[PDB]
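Protein chains in written order, with the authors' numbering: chain Z, 101 to 195; chain a, 4 to 376; chain W, 305 to 456; chain c, 197 to 234, 244 to 253. Each residue gets a CB set at the ideal place from its N, CA and C atoms; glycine is no exception.
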Amino acid sequence: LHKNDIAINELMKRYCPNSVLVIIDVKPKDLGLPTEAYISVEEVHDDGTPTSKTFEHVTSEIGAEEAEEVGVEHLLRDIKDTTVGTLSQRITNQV
Amino acid sequence: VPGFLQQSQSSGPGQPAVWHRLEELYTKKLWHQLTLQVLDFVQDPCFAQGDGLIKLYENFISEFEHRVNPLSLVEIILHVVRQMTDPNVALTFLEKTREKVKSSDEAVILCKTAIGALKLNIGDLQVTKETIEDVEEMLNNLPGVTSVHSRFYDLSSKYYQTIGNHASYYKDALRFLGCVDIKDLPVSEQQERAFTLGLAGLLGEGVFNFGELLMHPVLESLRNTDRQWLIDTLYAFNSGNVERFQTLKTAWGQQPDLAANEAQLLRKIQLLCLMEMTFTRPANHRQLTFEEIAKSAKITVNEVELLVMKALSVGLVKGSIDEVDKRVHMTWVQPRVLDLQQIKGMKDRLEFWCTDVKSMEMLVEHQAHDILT
Amino acid sequence: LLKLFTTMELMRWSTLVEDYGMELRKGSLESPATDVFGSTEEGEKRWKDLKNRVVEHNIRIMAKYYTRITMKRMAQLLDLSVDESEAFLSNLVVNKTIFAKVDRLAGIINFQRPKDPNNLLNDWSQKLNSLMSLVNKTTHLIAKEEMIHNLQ
Amino acid sequence: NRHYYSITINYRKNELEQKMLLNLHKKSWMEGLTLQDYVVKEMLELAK
């Protein structure tokens, strides 16, 4: 985020009381569950700065829905699911 | 009307030079240069009978101009009330400027901070907190100016003068140290601020930690000019803890107000070691022997109960006490601040968990990768 | 009054008598000390009942902190003899307010806990609870990693 | 099939997006950090 991102949210607050920005990633690389989310609040600061508007990180999580896994989860077809109880838990341990 | 400023033209040497421009300011109808030049006259120290005669015309100025923010109207009237000296007839005029001026910029936050400032002669404790609390209610949104928050601290700091919850003054100091970045006032005034700030903040025990932001850069620059023995005993409550000579040193220089909190501040250093000795060491070494508490905290065996169990209610340690061998067991921990030796002490015992686990984690990856494939 | 009820800890019972012995002389209104301490047969019962308030409120907080205690240490903590403790150990335990295992041969006594058969909660609170704080590290670490790397 | 005939549906490769479609799905399904997730004897007393 460049510093200019402060002005994008404050303009559209007429549409929504608090506009949440979502930083995404088109090319998956690192380190884990991708993208990002921020919320716009004002914490000022302890040092005495004029009121500071800084986006605080919002934890992002992927979720599912009915009927949307039809074409989505079809095209992969190469995954082994899972297998829970043998390899699933131990690969996580190494990671 | 133009003849009013011609008789007040020359107040002395150098005064007319800036006043020749002042008369051309309103004739040109430019109210900014007229705001700043009057503010420059307001900034210029005066008796002041000059701003007191013009306040009638400045009142007429705000009428038909209707635009210029009351912030400049409050800055001029606070120099005028110094000539009036009467808070009564001034607050009637102060509220008059509040009701007559309505703009998108809040006129209540600047007036209520001016009301409580003139309310110091009421003297205090009665109607103060009502107009003090009204400030931050309207100031909650939107505190973009952030300069009026210092005026909100003033009447809030004078509300503490009733004594008044000393622990709240250091919390009220956060509304000062957090109102404006730069000092913009003589450091000698703030070196006598940390004089009573370190004392009073240490006096009231309502705040259990009190050492979180005590390393803040803007207050420690004052702690360099401030009396050094007061800071060395502040590091006792900041880190310390004992340092038995330093916790007495605060009773050496400043006698008063510390007599009732002496035995109490002797209690705070006794609960400050309980969290550190387990924090400084890697432990565990969790359960502690009473003789060790009787060494550091130098407390008798019969009083160790009240000591460590009071820390259970404070919340720095939850550890139950084993009373058969009289050994005090610890649970959890209370972290406080940090030091340069703490980061170096961290990398020793923190990364040691990283290098030990990953080393044997490869052993889990090595042997067991064949049974997975 | 309320100070003994909140946060407890320890205080000499005579110091409480120093405060509640002046209520006889206090007044103006002596009627609160009349119905209570003014009657001889009613007061002596409420005096020993006042003891039941101060001694059991210690047992209530001590049951949370045991673990274990020696019998001799309980005497100086309850400000009375070990025999009065055994009397306060008998009358409180028949009310089954605090489970206690009292061994008078070695003097080691304790309040609860029932023999420590616990297995699940030992392993679960270990693995589940504590490691949840250990696995939440990188979660909010990358949250603060964004904070420090955006400015500096 | 009287008056109509169906049509063949194949997928021109989006695999760039389809590769992250698998990565976004499985990583979110792997313990959230892979760490998070990593009745003792009693679960074995229920298992016994």
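Among the residues facing chain Z, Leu-251 of chain c is not included, as its CB has no counterpart in that chain under 8 angstroms away.
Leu-177, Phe-179, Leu-180, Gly-181, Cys-182, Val-183, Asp-184: these are the residues of the segment 158–184 of chain a whose beta carbon lies less than 9 angstroms from some beta carbon of chain Z, given in chain order. Chain-order list of chain W residues neighbouring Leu-101 of chain Z: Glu-450, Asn-454, by C-beta distance under 9 angstroms.
Among the CB atoms of chain Z, none fall inside 8 angstroms of the CB of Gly-201 of chain a.
Between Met-226 of chain c and chain Z, the shortest Cβ-Cβ separation is below 8 angstroms.
For the segment 138–158 of chain Z, the residues whose beta carbon sits under 7 angstroms from a beta carbon of chain W are, in order, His-157. Beta-carbon to beta-carbon, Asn-124 of chain a and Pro-90 of chain a are separated by about 5 angstroms, close enough to satisfy the 8 angstroms threshold. Contact check between the segment 319–333 of chain a and the segment 362–370 of chain W: three or more CB pairs, one atom from each, fall below 8 angstroms, which counts as touching. The Cβ of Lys-246 of chain c sits closer than 8 angstroms to at least one Cβ of chain W. By a beta-carbon distance limit of 8 angstroms, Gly-207 of chain a contacts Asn-168 of chain a. Their separation comes to about 6 angstroms. For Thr-344 of chain W, the enclosing alpha helix (DSSP H) starts and ends at 344–369. Taken in chain order, the members of the segment 415–439 of chain W whose beta-carbon sits within less than 7 angstroms of a beta-carbon on chain c are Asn-423, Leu-424, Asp-427, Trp-428, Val-439.
It is roughly 14 angstroms from the alpha-carbon of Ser-318 of chain W to the alpha-carbon of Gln-380 of chain W.
Between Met-141 of chain a and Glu-109 of chain a the beta-carbon gap is near 6 angstroms, inside 8 angstroms, which marks them as a contact.
According to the DSSP assignment, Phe-155 of chain Z belongs to the beta strand (DSSP E) that extends over 153–157. Closest in alpha carbon position to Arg-177 of chain Z, among c:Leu-217, c:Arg-198, c:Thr-204, is c:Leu-217. DSSP, read as helix, strand or coil, puts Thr-186 of chain Z in coil. Secondary structure within the segment 295–370 of chain a: the alpha helix (DSSP H) runs of 4 or more consecutive residues, fully enclosed, are 307–317, 343–352 (chain order).
Annotation for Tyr-324 of chain W: the continuous alpha helix (DSSP H) segment containing it runs 317–329. Taking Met-378 of chain W as the centre and dropping the five residues before and after it, the same chain places the C-beta of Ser-389 closer than 6 angstroms to its C-beta, in chain order.
Annotated three-state conformation of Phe-392 of chain W is helix, per DSSP.
Taking a contact to require three or more Cβ pairs closer than 8 angstroms, the segment 307–319 of chain a and the segment 329–340 of chain a qualify as touching. For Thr-230 of chain c, the C-beta contacts it makes with chain Z under 7 angstroms involve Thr-192, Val-195, in order along the chain.
DSSP places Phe-67 of chain a inside the alpha helix (DSSP H), whose first and last residues are 53–68. Here the C-alpha atom of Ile-123 of chain Z lies approximately 55 angstroms from the C-alpha atom of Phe-293 of chain a.
Contacts with chain a at 8 angstroms (Cβ-Cβ) do not include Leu-131 of chain Z. Taken through DSSP and simplified to helix, strand or coil, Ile-139 of chain Z comes out as strand. Between the segment 421–431 of chain W and the segment 393–407 of chain W there are fewer than three C-beta pairs closer than 8 angstroms, too few to call the two in contact. Judged by DSSP secondary structure, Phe-96 of chain a falls within the alpha helix (DSSP H) whose first and last residues are 90–103. The DSSP-derived three-state label of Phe-415 of chain W is strand. Exposure of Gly-6 of chain a is indicated by the presence of fewer than 16 other C-beta atoms within 10 angstroms of its C-beta.
For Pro-128 of chain Z, the C-beta contacts it makes with chain c under 9 angstroms involve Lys-215, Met-216, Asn-219, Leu-220, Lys-223, in order along the chain. Within chain Z, the residues placing a beta-carbon under 7 angstroms from that of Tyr-207 of chain c are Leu-175, ordered along the chain. Listed by position along chain W, the residues whose Cβ is nearer than 7 angstroms to that of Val-327 of chain a are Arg-372, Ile-373, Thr-374, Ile-412. The beta-carbon of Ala-367 of chain W is placed no less than 8 angstroms from the nearest beta-carbon of chain Z. Judged by DSSP in its simplified three-state form, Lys-103 of chain Z adopts helix.
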